[PDB]
């Protein structure tokens, strides 16, 4: 956590912006949380900051004999004396879904019930380091995720899966269009070896896009190898990559990368709410993270890294549109942005799409297109990274990007065009870094 904090610039968000996630509530659905009691017996990283602790997988027992869920929550918001999570003043809703058999039987049949329970407890961010290795398929779970986000103010995050490095290995519900799906890059702890020596390396095991219908997943990356975080007092050494002390230890996976981003979302959401006067929609939080993310060096578009590694301080200050307009087929929204040639210009369009059928060969329902015009007339189409940048249109993703490394100082025109919106109208968010 301490090293990941610096990589994703949560350190700047905390030190220069005051953002520790105070006021925000993150829900974590995972194995269990240390002793499983919300009292003084609880691990120092969470004691006193738990909104609710629910036992779903094993009635009357939310403890963590595995260690996975405790480490994960610790990365989101742990507030121990050491190895803090990214949003150490956020409060925790924890839903224990591990069953007696070691599986995830506490999940309800309808995932919407899971998210609703968390919502009623006050959580507005819901993070899930779990999934099924269905090679990019959009399942019932994926559908329910999408349905829920379109209808409710919940930002939902899912791990990409650990089946890399082959392409098309994204887990469900990580295949959901409306979730923030997170892959793992390496932490920088090179004394531990090749799995933690280059922050611009995708971790070998991180699942890789595209999804089954060709979409870019994961959406973003964060350090996920040799992550030092809260160690459940009931978990054995075998659960860890390495020991540290009796209260913290190392783990590695997309399960570790996802909560780092979840805590960053809590920091980001706090910023909008406290400092920017608005409650940002899940689609804006997602757009802001994408626009601020760093190309780890593979270029775009790319299912190994998605849109890149979270860089939180750039996301904080984006120029935005927060679902303030909705569009029907053939309509368009127009904005203008004065750019500065000194630094790159990144514009990202995200929408919380209507949920797909599990039998559709194409999951996108409503298709919006991003069209950018530079001061001198040059036009760019969302996700077209090959020159000429206006001849390849995107009909698959509900994230579209125009990224210009050496922008012209001057006013850029931004169009959001409704190409085909059968379940309309469709709103959207925009985030602009420059």
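Numbering follows the first chain given and starts at 1.
Look at the C-alpha B-factors of 325-333 and of 290-298. On average they run higher in 325-333. In this entry, 209-217 has the higher mean Cα B-factor, the comparison being between 179-187 and 209-217.
The entry lists C-alpha B-factors for 174, 74, 105, 252, and the highest of these is at 105. Of the residues listed, 62, 370, 29, 399, the entry assigns the biggest Cα temperature factor to 62. In this PDB entry, the Cα temperature factor of residue 434 sits in the top third of its chain's modelled residues, the highest group. Residue 67 sits in the middle third of its chain by CA B factor, as recorded in the PDB entry.
In this PDB entry, the Cα temperature factor of residue 10 sits in the bottom third of its chain's modelled residues, the lowest group. Sort the chain's modelled residues by C-alpha temperature factor and residue 341 lands in the highest third, per the entry. In the PDB entry, a CA B factor belonging to the highest third of its chain's modelled residues is recorded for residue 388.
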